[PDB]
Structures are given as C-alpha cells and as structure tokens.
Amino acid sequence: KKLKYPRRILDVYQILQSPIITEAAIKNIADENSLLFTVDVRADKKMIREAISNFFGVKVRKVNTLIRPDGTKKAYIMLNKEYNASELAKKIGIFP
Amino acid sequence: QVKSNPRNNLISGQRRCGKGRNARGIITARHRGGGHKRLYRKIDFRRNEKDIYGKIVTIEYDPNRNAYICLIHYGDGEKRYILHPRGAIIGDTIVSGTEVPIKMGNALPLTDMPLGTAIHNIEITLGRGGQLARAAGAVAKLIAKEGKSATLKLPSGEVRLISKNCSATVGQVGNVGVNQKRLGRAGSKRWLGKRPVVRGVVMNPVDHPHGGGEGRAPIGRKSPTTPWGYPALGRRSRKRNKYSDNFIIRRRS
Amino acid sequence: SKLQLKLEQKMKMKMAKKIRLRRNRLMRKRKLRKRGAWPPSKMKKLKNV
Amino acid sequence: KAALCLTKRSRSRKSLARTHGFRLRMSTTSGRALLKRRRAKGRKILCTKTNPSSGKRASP
RNA sequence: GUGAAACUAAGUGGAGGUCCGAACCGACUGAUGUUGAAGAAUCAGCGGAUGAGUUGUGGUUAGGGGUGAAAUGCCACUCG
RNA sequence: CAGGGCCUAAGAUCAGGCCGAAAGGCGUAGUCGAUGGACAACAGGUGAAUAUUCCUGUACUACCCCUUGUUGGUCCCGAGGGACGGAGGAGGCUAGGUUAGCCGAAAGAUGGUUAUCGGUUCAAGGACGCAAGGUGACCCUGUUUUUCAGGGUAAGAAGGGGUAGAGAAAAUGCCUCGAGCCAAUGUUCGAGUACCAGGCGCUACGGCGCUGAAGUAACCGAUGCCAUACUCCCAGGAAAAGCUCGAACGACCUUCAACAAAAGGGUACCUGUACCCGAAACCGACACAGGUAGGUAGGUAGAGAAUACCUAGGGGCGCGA
RNA sequence: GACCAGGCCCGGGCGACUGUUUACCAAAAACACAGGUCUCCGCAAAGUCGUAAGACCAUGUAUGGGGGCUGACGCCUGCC
Ligand SMILES: [Mg+2]
Ligand SMILES: [Mg+2]
Ligand SMILES: [Mg+2]
Ligand SMILES: [Mg+2]
Ligand SMILES: [Mg+2]
Ligand SMILES: [Mg+2]
Ligand SMILES: [Mg+2]
Ligand SMILES: [Mg+2]
Ligand SMILES: [Mg+2]
Ligand SMILES: [Mg+2]
Ligand SMILES: [Mg+2]
Ligand SMILES: [Mg+2]
Ligand SMILES: [Mg+2]
Ligand SMILES: [Mg+2]
Ligand SMILES: [Mg+2]
Ligand SMILES: [Mg+2]
Ligand SMILES: [Mg+2]
Ligand SMILES: [Mg+2]
Ligand SMILES: [Mg+2]
Ligand SMILES: [Mg+2]
Ligand SMILES: [Mg+2]
Ligand SMILES: [Mg+2]
Ligand SMILES: [Mg+2]
Ligand SMILES: [Mg+2]
Ligand SMILES: [Mg+2]
Ligand SMILES: [Mg+2]
Ligand SMILES: [Mg+2]
Ligand SMILES: [Mg+2]
Ligand SMILES: [Mg+2]
Ligand SMILES: [Mg+2]
Ligand SMILES: [Mg+2]
Ligand SMILES: [Mg+2]
Ligand SMILES: [Mg+2]
Ligand SMILES: [Mg+2]
Ligand SMILES: [Mg+2]
Ligand SMILES: [Mg+2]
Ligand SMILES: [Mg+2]
Ligand SMILES: [Mg+2]
Ligand SMILES: [Mg+2]
Ligand SMILES: [Mg+2]
Ligand SMILES: [Mg+2]
Ligand SMILES: [Mg+2]
Ligand SMILES: [Mg+2]
Ligand SMILES: [Mg+2]
Ligand SMILES: [Mg+2]
Ligand SMILES: [Mg+2]
Ligand SMILES: [Mg+2]
Ligand SMILES: [Mg+2]
Ligand SMILES: [Mg+2]
Ligand SMILES: [Mg+2]
Ligand SMILES: [Mg+2]
Ligand SMILES: [Mg+2]
Ligand SMILES: [Mg+2]
Ligand SMILES: [Mg+2]
Ligand SMILES: [Mg+2]
Ligand SMILES: [Mg+2]
Ligand SMILES: [Mg+2]
Ligand SMILES: [Mg+2]
Ligand SMILES: [Mg+2]
Ligand SMILES: [Mg+2]
Ligand SMILES: [Mg+2]
Ligand SMILES: [Mg+2]
Ligand SMILES: [Mg+2]
Ligand SMILES: [Mg+2]
Ligand SMILES: [Mg+2]
Ligand SMILES: [Mg+2]
Ligand SMILES: [Mg+2]
Ligand SMILES: [Mg+2]
Ligand SMILES: [Mg+2]
Ligand SMILES: [Mg+2]
Ligand SMILES: [Mg+2]
Ligand SMILES: [Mg+2]
Ligand SMILES: [Mg+2]
Ligand SMILES: [Mg+2]
Ligand SMILES: [Mg+2]
Ligand SMILES: [Mg+2]
Ligand SMILES: [Mg+2]
Ligand SMILES: [Mg+2]
Ligand SMILES: [Mg+2]
C-alpha cells in the first residue's frame, strides 16, 4: 500500500564491512559457493540481499546470518549455481 | 438426578481467584484456600423475562451452592438456570408474570400470592434480583400483607416487612437432605477449600487474647474474646440505626 | 438422485477425514517435540538406554 | 533436603530483572531515589539485575 | 424368601485420607564426624508413598506488618 | 527446532473515573504477562570446533504470480467451535526384545566340537485402505446376556437436509434422508547403484581410497499409541485467538479492482544455536563425599524402574611407596 | 542355598484414626480433624483490612457466613 519501510534505517554503504578471510571461509567458497562477509549488527537479511545483488551484480540464492559472541554480525552469502563463487573471489581479492 | 451435560453458555471460567484475599492481598476472610477449581454457573435470580413458557429440561449439580440447579428452555430457545424447587421433576413447566397459576416454580409479585404460601428466592428490592432464601431446604412463609408492604417469616424465624411489588418464587428450595451428609474425614473438608482452624486457647499471647497460660489455659479473660478483642458471646453487632429497622418486626429466636 | 447425495457426502467425508487425520499426526508430532523424544533418529540411538 | 545457605538458587534471569530490573526501579518514586543515589556514588552499574529483552543474554 | 418386602451363599464390580514396597517427600534410633569431606552431612537401619500427596515454571501477601494443622515457628546461614 | 512478528490465565500496569497532607491508593475499557491455546521437515552425508540450521534427496506452511469462474468484498457486530476432572480395568496395536530362517566369516596351539562369531537397517510425507477392535435404539426366540442367527419396528448412529416463531447463522420446536461410522496401526510409494558384515589395497601405520552378500518369519510385549474410547465416582474439573458459519446496523474500499477455487511456476521476517548441564563450568567461599525440573529405558535371573551380574556408552575417584 | 526379604506374644497409660509441627539439640501425650455445642449475622449482613474511595466476605443469602470452647463412636454431662 505504502512505501516499503526497510526494517531499520541504516545506510546501505556501511552494512557490508568486510570479507572474512581465514582457512575456514575459503573452503565454504569452494564447496558451497558461499561468500563470508562481516556486516553491521543492525543489518538484516533483506538489506544484505539487495546490497550484494546490486553491488557485485549477482543473484543470491540464500543468506545466513550469525552473531558472534563479540557482537558482530557475520553473513554466509550463498549465491546461485549459475554464478560461480571463485569468480567473485578473483574479482574481490580473495584467493583460493 | 446428577448427569453431566456439555457446557451451555451459562458456564464460564471467570472469577475472583485469591479467596479471602482482598486488594491489599491480605487474608481478610480466614480459612479459605485449597480445594477444587469450580466454574461459575450464571443463575437467573431475577426471572425477569415475563410471560413466556419455560420447560425444565434437566437437573444439574452446582459447586457454588448447596441447592441444585435446573436448566430450562423456552419456546424462544433462550436457556436459563433456575434454583431447583423441591419436588419439581424433569418435563415440568414453569412461567413468571403477574397473573399466573400458583404451582411449584412459578414466579410472581407478592401482590398476587395467597397468604400462607411457602416462598423462596425473594427480592427485597424491585428488579435487584432474588436474594432471600436461596439455600438448600430454605423457605419463607408469607404471613400477612397490608398497605404497600408484605410480611414474611424468613428461614431464620425473623419476621420482616418487604415491598408488595417484589417478585418471589413458589415452593421450597430442593435438595433438602444436604445437611444430613456426614463428611467423615478431614480431607473431605479440605476438598471444599475450608482450611484448618486453630483454637484461640492454644496460641501465644501475641497472637490471640486467650494466650498461653502454662499447661492448659482456662480462659482467664473475664469474658470470651474475638481474635480482635471483642466479647465473643451474645453482644449484638447489628448497626443500631440502619434504614432497615422500620421494616423488621420480630427478631429471630 | 440418492447416488448424487451419496457421492457428494462421500466427497465431503473423504475431505473432512483427510484434514482430521492430518491434524492428528500434527498434534502428535507436537506432543513428542515438547516431551523431547522427537526426531525418530534421536530415539533410535537411545532405544537400548 | 538442601542446605540453609542455598538461598540463592538458579532462577531465571527474566524473573530477576522483573524484580530488580531497570524498568522496575524507574516506576516507583522510591526507585527513582535509588537511581539518584547510585548515580551520586557514581557506580559503574546502576541496575545489577537487568536483562536484555532479546540478544545474547536474552531469556526466552 | 413372602403376595408385597426383609434375610442369605454366589458371581461380577473395583471403593479406600486401605495394605506391602522403589522413585519421590521426610527425618525415628544408632554409630561416625566435631581445627568436619559437609556452618547439619555420611553409613546402617526407619516413616509416608492416590493423597489433608510431591514438584516445575510465573505470580501474590512486607516489618506498629506478613504467613502460621500454633513451635514464638518462618519471612535470603539474621526473628519475643 | 525454541521464543518474538498470534491469544489469553494467575498477576501487573491502567486513559478517562472515585478517593488522598505530598508521594500516591482504588478501579473501568485498553495494553502487557506462558508454565497453557494456535502454527509448517524428515532420512542420509560432511564434519579441528556447528547442523531437524551447511550439502543430496523427497516433503510441508504463508504469501506473490499467472490462467479460469463469479460480481460486491473488508472490518464492526450475531453464532458454532476451540474447551479441558479423578479413579478403574478390558481391549486393539505398535516401539522394543528374544528365537529361528537367510548371508558372510570362522580354527581362537587343551579331552571333544562348529553347537561358534558377526550381519539381517531405514524417517517425515503422499496416496490407498479397516476386523477377530470400538460404537450404531427397541421387541420376540435361543448361544452364559456377550461375539452371534431369523423376523420386525421406521430415524433408530456418525452425518446431512428442510421448515416455524420479532428469527440470517445459531439456539429451540415439528418434518425428512441416511446403516454405517471411528482411529491407532497396516498394505503401497517414498526406498536404492541409500546404509552395511565382510573383501581389496595404501599406511604420515592416525586414517584413507576401492567393490559390496542376505536384508524375511515366528513368539513374547509396554508405564508408549487409539483415547477426552469406555464404565464409575463426587470433590464437579481455565480464558481468548486462529478456525467454521452469517442478515440487518456502522465504517472503509471498489474494477480487470476485490473475493472463490484446482493446478503450475516463483518468494522466504528478527533473536537463541559453541561448551557444561545426576556438574571440576549451575547452586553450596574450594577442582567441596551435598542440592538441581524434564526426556530416552537393552540382556540374564526377578512380581519390579528392587537387587545381583552384564551391553551400549562412560570411568579407575590429582599424593604415592 | 548369593543378593533381596516381617521377630513375635501377653499387659497397662495417653491420644480415636491418615495427617501437622520447634530449617540446625524436643515429633510427642502438643496441633489438626470428623462430630458436638454456644453466640453473632435479613443482605447497603455480621466480621476483617483501608485515613478515605473501596476491597474481601460472595458474584454467596440462615441446610449460608463470623467467632468462642470441646474434640471419633458409646454412656453421660450434677448443683451455685
Ligand atoms: Mg561451515
Ligand atoms: Mg539465526
Ligand atoms: Mg466450559
Ligand atoms: Mg462451547
Ligand atoms: Mg498489590
Ligand atoms: Mg481447632
Ligand atoms: Mg503453645
Ligand atoms: Mg508475629
Ligand atoms: Mg495475624
Ligand atoms: Mg493482649
Ligand atoms: Mg490465658
Ligand atoms: Mg496447670
Ligand atoms: Mg537400562
Ligand atoms: Mg553481584
Ligand atoms: Mg495408603
Ligand atoms: Mg500405614
Ligand atoms: Mg518438616
Ligand atoms: Mg538414610
Ligand atoms: Mg522407606
Ligand atoms: Mg509403604
Ligand atoms: Mg483413591
Ligand atoms: Mg519446596
Ligand atoms: Mg506449616
Ligand atoms: Mg513458649
Ligand atoms: Mg542479606
Ligand atoms: Mg533464617
Ligand atoms: Mg528462634
Ligand atoms: Mg486479569
Ligand atoms: Mg496503581
Ligand atoms: Mg488518572
Ligand atoms: Mg482491566
Ligand atoms: Mg505477549
Ligand atoms: Mg510455552
Ligand atoms: Mg511462530
Ligand atoms: Mg514451531
Ligand atoms: Mg559438539
Ligand atoms: Mg541430520
Ligand atoms: Mg534417500
Ligand atoms: Mg500450503
Ligand atoms: Mg467471536
Ligand atoms: Mg487444557
Ligand atoms: Mg493396554
Ligand atoms: Mg520388531
Ligand atoms: Mg540361541
Ligand atoms: Mg541351519
Ligand atoms: Mg580347545
Ligand atoms: Mg546369529
Ligand atoms: Mg507411511
Ligand atoms: Mg497431494
Ligand atoms: Mg466389525
Ligand atoms: Mg433462521
Ligand atoms: Mg427465514
Ligand atoms: Mg436447527
Ligand atoms: Mg500377545
Ligand atoms: Mg503408574
Ligand atoms: Mg470422562
Ligand atoms: Mg450495511
Ligand atoms: Mg467466502
Ligand atoms: Mg547447535
Ligand atoms: Mg549443541
Ligand atoms: Mg553432585
Ligand atoms: Mg579432585
Ligand atoms: Mg563433588
Ligand atoms: Mg531390565
Ligand atoms: Mg525375589
Ligand atoms: Mg522375564
Ligand atoms: Mg540398581
Ligand atoms: Mg565396557
Ligand atoms: Mg498400647
Ligand atoms: Mg502408671
Ligand atoms: Mg495421635
Ligand atoms: Mg509444612
Ligand atoms: Mg529441631
Ligand atoms: Mg512422629
Ligand atoms: Mg529430631
Ligand atoms: Mg504442634
Ligand atoms: Mg468444628
Ligand atoms: Mg459490612
Ligand atoms: Mg483439647
């Protein structure tokens, strides 16, 4: 009916803070085609889906969030099976 | 006699809960608590809906009073509970109004009741609902009427004036044998949620004016006493001047 | 004409009994989830306990 | 069957903050006097039993 | 069995603040313990165990008070 | 999956309202408040540390999308339903277990012996279906009334229809149509190139790659399921929402707008998730002979969840000699 | 044949009984109890708590609600 209010008011350019690069994440890329991104605690799944969908220009299957014991949201982004993960891994600078 | 039906819309679950606790949460009314959860049946005490013909469909048990209660239908499909009159049997027919036969279960104003009748469920105030003689085996005779006022002898034996326009129901209240039961064990008190009472003489002085004399105490009090310090025996508490007084004639003996 | 009524009422009956029974298993699964022997895998490693 | 000293048992955090919680002290005047005088002493923690409604410390 | 009823084996039935006894709730005797393993326990025995039962979670009553099957008991190892 | 985006209990707060030196006290609608109501997912695999969450299979809710079919739908209100005790025993069943059958291996230096050792597994869900179970009135005759057999009665069951009164639905009254109904469980799909005894090869000698036989039957049998099914008892056993039904009153919205359907494709809100939890991690000042709700319940003997000896799994008590 | 698994009888007092009780020195003959009896209370009830408003009593109504003493059942309950 009305304008679609995003669940909170955030500014999208600050929500995806960084790729998390460790031995763990890289094989999630290899096996799952799933990126690992530390994001703003206040950020949701719909926000993250639009953000990556527009930013890197890839259609994203499903998102899974997490909250560290340190209070920092962490997101598994599993892309579709059409777009290969390692594509975006080279495009970003995460080397498998 | 007692056969449970499913629930008619007259049986609800809403009620005060702490029994004997007031707003401040204190036990005001001692000894309550424990006991089986009950449901409130909505009795029709006013019997106010006039001039329709009711039929007693069944007879039901009610936990909230020692009388029985009767589910009655109408030609209009409205269902009401009334107090069960003594001797009324299923298939019976009752009606309320002004000009009505006088039989068990019919309700009418006191203007129309032949003197000598035995009556129950008696309004003291027009349209307030029936108040007097609702318990099991309770009944009040209509002795004389004069002017605007009718005279009854209440089940306490007290004779009292009321308004000639207050409704009442013919016949005694049923389940007469109820006080013939013998509870037989402590648990059977508790089931009714009446908790155990301590005798005054037992408790310590702080707790009650018959407080512990060494072994066993005669009550040294020159007078038997309430927990709160008043004479326990034969001191009339009736408010000296209550509005009621003009009405009341002879006092229960 | 009686065959019409019978086939319509058996259509209805089949429906109501379908939904009823579906409902029933659901309720059971729920009870079990509360008690906590649920996933039938779970019960099958404790059977000998 | 439990020792006298066992007064503090394992009690839900939800229940406790519904008693000593922040939002409770805020309600009464005596509570607000509380919070003034804790703030005066300059305590790092105002309401010791408090609790997130939802989060890492949340009681369901 | 007499016309009514009473009276009596039988079967069925499954009542009970019934019985014996684990869990569970207690706490009767004894021994140990006494700078304890423990600010009230362990060990062997003991009482109740379908009820006036036990317990969980969430609540209620607050100190000239509360609550008490009444011991001046209990109200955060504190209670005339 | 568990809470929140649903509903209310005890209780709490309480607009206006009543009272009160002040602070406040009482209290109505409202709104909070789960320990309850409602509501959709399972098996296998991976696995330094997560898994009904990630992978692969089949599922299922709620929306959106299109086709088709109707014209009013939506809330407010009227209703039905949700909705409920204890005790008792009898059934009908599964879960488990045991013994056979089938399959594979077996020589365990002793007098004999294969009488031995392993395997025989599979969920949610979807379709079907229900008797020796349980319920379906009476009357006559017999089987002990019972399970039954013949006849008859005309609503006589779940379940539907109609009518009447101010009367839509409902309740209530009269009339009618229906002999079946109920639900655990079962058969079949899901489900096999899954899983698995062994077999082969490597050994960083930790674990790994490779191929896989049989996969049925009988008897015990629950405190679990039907089941709020029965019978009995008195002490007489929550509310509200989702849900189903519906005229008048009021509000709002209206045409490719809304609602109604069987398919098809799509789409998928927050927070918990580690670990310990009959505890060296909680509660006892201790790495303390103690306390701590619930779930699952194998073998032999036994009345038994007692006891003794064991399986699975876990341990040998953080001073010794 | 282990583990497991009632000593019993004859008397008397007290309390009928199952229950409850002095957390941590007392579990009883104390408390409760079914039953009895006295007294108050006609509903804007008596009683209790509140400065008051009002709450309980009770969504009850004298076969009900307060309070006092006694304490099953049996025999009784005398004088002032
Ligand atoms: Mg991972
Ligand atoms: Mg999450
Ligand atoms: Mg009801
Ligand atoms: Mg109903
Ligand atoms: Mg209060
Ligand atoms: Mg007493
Ligand atoms: Mg004393
Ligand atoms: Mg005191
Ligand atoms: Mg007191
Ligand atoms: Mg004094
Ligand atoms: Mg004295
Ligand atoms: Mg003396
Ligand atoms: Mg075992
Ligand atoms: Mg602290
Ligand atoms: Mg017993
Ligand atoms: Mg005994
Ligand atoms: Mg004790
Ligand atoms: Mg012991
Ligand atoms: Mg014992
Ligand atoms: Mg015993
Ligand atoms: Mg019993
Ligand atoms: Mg306790
Ligand atoms: Mg006590
Ligand atoms: Mg003393
Ligand atoms: Mg303290
Ligand atoms: Mg203390
Ligand atoms: Mg003391
Ligand atoms: Mg309430
Ligand atoms: Mg207030
Ligand atoms: Mg105000
Ligand atoms: Mg309110
Ligand atoms: Mg809520
Ligand atoms: Mg819950
Ligand atoms: Mg939900
Ligand atoms: Mg759920
Ligand atoms: Mg783990
Ligand atoms: Mg799994
Ligand atoms: Mg499969
Ligand atoms: Mg669906
Ligand atoms: Mg409604
Ligand atoms: Mg319920
Ligand atoms: Mg059975
Ligand atoms: Mg089997
Ligand atoms: Mg054998
Ligand atoms: Mg053979
Ligand atoms: Mg040999
Ligand atoms: Mg074998
Ligand atoms: Mg199946
Ligand atoms: Mg289908
Ligand atoms: Mg049959
Ligand atoms: Mg109608
Ligand atoms: Mg009509
Ligand atoms: Mg009808
Ligand atoms: Mg058998
Ligand atoms: Mg049992
Ligand atoms: Mg029943
Ligand atoms: Mg209209
Ligand atoms: Mg519709
Ligand atoms: Mg986890
Ligand atoms: Mg875990
Ligand atoms: Mg321990
Ligand atoms: Mg140690
Ligand atoms: Mg320890
Ligand atoms: Mg065993
Ligand atoms: Mg034995
Ligand atoms: Mg056996
Ligand atoms: Mg044992
Ligand atoms: Mg072992
Ligand atoms: Mg003796
Ligand atoms: Mg002597
Ligand atoms: Mg005694
Ligand atoms: Mg006690
Ligand atoms: Mg002591
Ligand atoms: Mg004793
Ligand atoms: Mg002692
Ligand atoms: Mg005592
Ligand atoms: Mg008495
Ligand atoms: Mg008064
Ligand atoms: Mg005495």
# chains A, B, ... in the order shown; residues from 1 in each chain; ligands from 1
call {"tool": "interface_residues", "arguments": {"of": "chain C", "to": "chain F", "cutoff": "8 Å", "atoms": "only C-alpha atoms (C1' of nucleotides)", "output": "VMD selection string"}}
result
chain C and resid 9 35 to 37 39 to 41 43 46 to 49
call {"tool": "residues_near_ligand", "arguments": {"ligand": "ligand 6", "cutoff": "7 Å", "atoms": "only C-alpha atoms (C1' of nucleotides) and all ligand atoms", "output": "number ranges by chain"}}
result
B: 196-199; G: 32
call {"tool": "residues_around", "arguments": {"residues": "segment 87-90 of chain A", "least_positions_apart": "4", "cutoff": "9 Å", "atoms": "only C-alpha atoms (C1' of nucleotides)", "output": "list in words"}}
result
residues 29, 35, 56, 83, 94, 95 and 96 of chain A
call {"tool": "write_last_selection", "arguments": {"atoms": "C-alpha atoms", "output": "PDB file, in the first residue's frame"}}
result
ATOM      1  CA  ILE A  29      33.606 -20.828  -1.165  1.00  0.00           C
ATOM      2  CA  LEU A  35      30.975 -15.770   0.462  1.00  0.00           C
ATOM      3  CA  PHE A  56      28.536  -7.077  -7.386  1.00  0.00           C
ATOM      4  CA  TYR A  83      27.322 -17.508 -10.856  1.00  0.00           C
ATOM      5  CA  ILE A  94      40.094 -13.434  -2.007  1.00  0.00           C
ATOM      6  CA  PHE A  95      42.459 -16.065  -3.449  1.00  0.00           C
ATOM      7  CA  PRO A  96      41.639 -19.799  -3.162  1.00  0.00           C
TER       8      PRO A  96
END
call {"tool": "interface_residues", "arguments": {"of": "chain B", "to": "chain E", "cutoff": "8 Å", "atoms": "only C-alpha atoms (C1' of nucleotides)", "output": "mmCIF file with C-alpha atoms, in the first residue's frame"}}
result
data_model
loop_
_atom_site.group_PDB
_atom_site.id
_atom_site.type_symbol
_atom_site.label_atom_id
_atom_site.label_comp_id
_atom_site.auth_asym_id
_atom_site.auth_seq_id
_atom_site.Cartn_x
_atom_site.Cartn_y
_atom_site.Cartn_z
ATOM 1 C CA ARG B 24 -4.090 -5.348 49.712
ATOM 2 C CA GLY B 25 -3.583 -9.101 49.177
ATOM 3 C CA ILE B 26 -4.151 -9.860 52.846
ATOM 4 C CA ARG B 185 -12.810 -37.211 57.360
ATOM 5 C CA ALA B 186 -10.575 -34.146 57.327
ATOM 6 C CA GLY B 187 -9.756 -34.423 53.653
ATOM 7 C CA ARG B 190 -10.303 -29.659 52.521
ATOM 8 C CA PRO B 196 -7.996 -25.961 59.384
ATOM 9 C CA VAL B 197 -8.816 -23.576 62.244
ATOM 10 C CA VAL B 198 -6.693 -23.088 65.315
ATOM 11 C CA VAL B 202 -3.625 -22.699 72.033
ATOM 12 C CA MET B 203 -1.812 -19.708 70.521
ATOM 13 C CA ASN B 204 0.668 -17.364 72.137
#
call {"tool": "atom_distance", "arguments": {"atom1": "atom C1' of residue 27 of chain G", "atom2": "atom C1' of residue 292 of chain F"}}
result
28.7 Å
call {"tool": "residues_near_ligand", "arguments": {"ligand": "ligand 76", "cutoff": "8 Å", "atoms": "only C-alpha atoms (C1' of nucleotides) and all ligand atoms", "output": "list in words"}}
result
residues 69, 70 and 71 of chain E; 20, 21, 30 and 31 of chain G
call {"tool": "write_last_selection", "arguments": {"atoms": "N, CA, C and O atoms (P, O5', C5', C4', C3', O3' and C1' of nucleotides)", "output": "PDB file, in the first residue's frame"}}
result
ATOM      1  P     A E  69      -1.917 -23.371  58.906  1.00  0.00           P
ATOM      2  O5'   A E  69      -2.423 -24.678  59.652  1.00  0.00           O
ATOM      3  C5'   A E  69      -2.921 -24.618  60.975  1.00  0.00           C
ATOM      4  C4'   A E  69      -2.724 -25.932  61.674  1.00  0.00           C
ATOM      5  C3'   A E  69      -1.302 -26.462  61.711  1.00  0.00           C
ATOM      6  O3'   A E  69      -0.601 -25.892  62.812  1.00  0.00           O
ATOM      7  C1'   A E  69      -2.779 -28.170  61.025  1.00  0.00           C
ATOM      8  P     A E  70       0.972 -26.114  63.103  1.00  0.00           P
ATOM      9  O5'   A E  70       1.189 -25.155  64.337  1.00  0.00           O
ATOM     10  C5'   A E  70       1.990 -25.571  65.426  1.00  0.00           C
ATOM     11  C4'   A E  70       1.911 -24.594  66.569  1.00  0.00           C
ATOM     12  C3'   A E  70       0.821 -24.900  67.577  1.00  0.00           C
ATOM     13  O3'   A E  70       1.207 -24.349  68.838  1.00  0.00           O
ATOM     14  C1'   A E  70       0.359 -22.849  66.579  1.00  0.00           C
ATOM     15  P     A E  71       2.006 -25.250  69.913  1.00  0.00           P
ATOM     16  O5'   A E  71       3.505 -25.295  69.408  1.00  0.00           O
ATOM     17  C5'   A E  71       4.527 -25.617  70.316  1.00  0.00           C
ATOM     18  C4'   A E  71       5.825 -25.076  69.824  1.00  0.00           C
ATOM     19  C3'   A E  71       5.998 -23.568  69.846  1.00  0.00           C
ATOM     20  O3'   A E  71       6.341 -23.042  71.123  1.00  0.00           O
ATOM     21  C1'   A E  71       6.716 -24.427  67.781  1.00  0.00           C
TER      22        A E  71
ATOM     23  P     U G  20       2.326 -34.822  57.405  1.00  0.00           P
ATOM     24  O5'   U G  20       2.016 -33.532  58.284  1.00  0.00           O
ATOM     25  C5'   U G  20       1.310 -32.418  57.752  1.00  0.00           C
ATOM     26  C4'   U G  20       1.262 -31.329  58.778  1.00  0.00           C
ATOM     27  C3'   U G  20       2.592 -31.065  59.464  1.00  0.00           C
ATOM     28  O3'   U G  20       3.418 -30.163  58.746  1.00  0.00           O
ATOM     29  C1'   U G  20       0.905 -31.328  61.087  1.00  0.00           C
ATOM     30  P     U G  21       5.015 -30.352  58.729  1.00  0.00           P
ATOM     31  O5'   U G  21       5.519 -29.644  60.062  1.00  0.00           O
ATOM     32  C5'   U G  21       4.981 -28.397  60.460  1.00  0.00           C
ATOM     33  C4'   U G  21       5.106 -28.212  61.945  1.00  0.00           C
ATOM     34  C3'   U G  21       6.504 -28.370  62.497  1.00  0.00           C
ATOM     35  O3'   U G  21       7.273 -27.188  62.327  1.00  0.00           O
ATOM     36  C1'   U G  21       4.888 -29.420  63.913  1.00  0.00           C
ATOM     37  P     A G  30      -2.189 -34.317  73.227  1.00  0.00           P
ATOM     38  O5'   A G  30      -1.159 -33.124  73.039  1.00  0.00           O
ATOM     39  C5'   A G  30      -0.967 -32.126  74.031  1.00  0.00           C
ATOM     40  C4'   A G  30      -0.273 -30.946  73.417  1.00  0.00           C
ATOM     41  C3'   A G  30      -0.952 -30.435  72.152  1.00  0.00           C
ATOM     42  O3'   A G  30      -1.955 -29.464  72.422  1.00  0.00           O
ATOM     43  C1'   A G  30       1.317 -30.892  71.688  1.00  0.00           C
ATOM     44  P     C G  31      -3.361 -29.501  71.637  1.00  0.00           P
ATOM     45  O5'   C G  31      -2.969 -29.073  70.162  1.00  0.00           O
ATOM     46  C5'   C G  31      -2.487 -27.770  69.891  1.00  0.00           C
ATOM     47  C4'   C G  31      -2.332 -27.584  68.418  1.00  0.00           C
ATOM     48  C3'   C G  31      -3.567 -27.953  67.615  1.00  0.00           C
ATOM     49  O3'   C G  31      -4.493 -26.899  67.496  1.00  0.00           O
ATOM     50  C1'   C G  31      -1.695 -29.080  66.733  1.00  0.00           C
TER      51        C G  31
END
call {"tool": "residues_around", "arguments": {"residues": "segment 16-25 of chain D", "least_positions_apart": "6", "cutoff": "6 Å", "atoms": "only C-alpha atoms (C1' of nucleotides)", "output": "ChimeraX atom specification"}}
result
/D:31,47,49-50
call {"tool": "interface_residues", "arguments": {"of": "chain E", "to": "chain D", "cutoff": "10 Å", "atoms": "only C-alpha atoms (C1' of nucleotides)", "output": "list in words"}}
result
residues 25, 26, 38, 39, 40, 41, 57, 58, 76 and 77 of chain E
call {"tool": "residues_near_ligand", "arguments": {"ligand": "ligand 51", "cutoff": "8 Å", "atoms": "only C-alpha atoms (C1' of nucleotides) and all ligand atoms", "output": "PyMOL selection string"}}
result
chain F and resi 167-170
call {"tool": "residues_near_ligand", "arguments": {"ligand": "ligand 53", "cutoff": "10 Å", "atoms": "only C-alpha atoms (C1' of nucleotides) and all ligand atoms", "output": "number ranges by chain"}}
result
F: 162-163, 169-173
call {"tool": "write_last_selection", "arguments": {"atoms": "C-alpha atoms (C1' of nucleotides)", "output": "PDB file, in the first residue's frame"}}
result
ATOM      1  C1'   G F 162     -35.888 -28.685   5.080  1.00  0.00           C
ATOM      2  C1'   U F 163     -39.385 -25.737   7.663  1.00  0.00           C
ATOM      3  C1'   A F 169     -26.438 -18.120  11.005  1.00  0.00           C
ATOM      4  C1'   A F 170     -27.405 -20.118  15.851  1.00  0.00           C
ATOM      5  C1'   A F 171     -30.483 -21.882  19.731  1.00  0.00           C
ATOM      6  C1'   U F 172     -35.424 -24.072  20.124  1.00  0.00           C
ATOM      7  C1'   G F 173     -39.967 -26.937  18.107  1.00  0.00           C
TER       8        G F 173
END
call {"tool": "closest_residue", "arguments": {"among": "D:45, D:2, D:30, D:59", "to": "chain G", "atoms": "only C-alpha atoms (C1' of nucleotides)"}}
result
D:2
call {"tool": "select_by_dssp", "arguments": {"residues": "chain D", "states": "alpha helix (DSSP H)", "output": "list in words"}}
result
residues 13, 14, 15, 16, 17, 22, 23, 24, 25, 29, 30, 31, 32, 33, 34, 35, 36, 37, 38, 39, 40 and 41 of chain D
call {"tool": "residues_near_ligand", "arguments": {"ligand": "ligand 64", "cutoff": "10 Å", "atoms": "only C-alpha atoms (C1' of nucleotides) and all ligand atoms", "output": "ChimeraX atom specification"}}
result
/F:297-300,302,304-305
call {"tool": "write_last_selection", "arguments": {"atoms": "C-alpha atoms (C1' of nucleotides)", "output": "PDB file, in the first residue's frame"}}
result
ATOM      1  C1'   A F 297      14.579 -47.020  29.446  1.00  0.00           C
ATOM      2  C1'   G F 298      18.823 -53.226  26.372  1.00  0.00           C
ATOM      3  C1'   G F 299      20.340 -58.656  28.422  1.00  0.00           C
ATOM      4  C1'   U F 300      20.021 -62.849  32.162  1.00  0.00           C
ATOM      5  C1'   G F 302      13.161 -61.377  39.198  1.00  0.00           C
ATOM      6  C1'   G F 304       9.541 -54.941  39.592  1.00  0.00           C
ATOM      7  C1'   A F 305      12.215 -48.624  37.143  1.00  0.00           C
TER       8        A F 305
END
call {"tool": "residues_near_ligand", "arguments": {"ligand": "ligand 63", "cutoff": "8 Å", "atoms": "only C-alpha atoms (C1' of nucleotides) and all ligand atoms", "output": "ChimeraX atom specification"}}
result
/F:288-290
call {"tool": "residues_around", "arguments": {"residues": "residue 71 of chain G", "least_positions_apart": "3", "cutoff": "10 Å", "atoms": "only C-alpha atoms (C1' of nucleotides)", "output": "list in words"}}
result
residues 33, 34, 35 and 36 of chain G
call {"tool": "residues_near_ligand", "arguments": {"ligand": "ligand 1", "cutoff": "12 Å", "atoms": "only C-alpha atoms (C1' of nucleotides) and all ligand atoms", "output": "ChimeraX atom specification"}}
result
/A:22-36,64,66,75-78 /F:46-47,49-51,53-55
call {"tool": "residues_around", "arguments": {"residues": "residue 264 of chain F", "least_positions_apart": "2", "cutoff": "12 Å", "atoms": "only C-alpha atoms (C1' of nucleotides)", "output": "ChimeraX atom specification"}}
result
/F:65-67,262,266
call {"tool": "residues_near_ligand", "arguments": {"ligand": "ligand 11", "cutoff": "8 Å", "atoms": "only C-alpha atoms (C1' of nucleotides) and all ligand atoms", "output": "VMD selection string"}}
result
chain B and resid 201 205 209 to 213 217 to 221
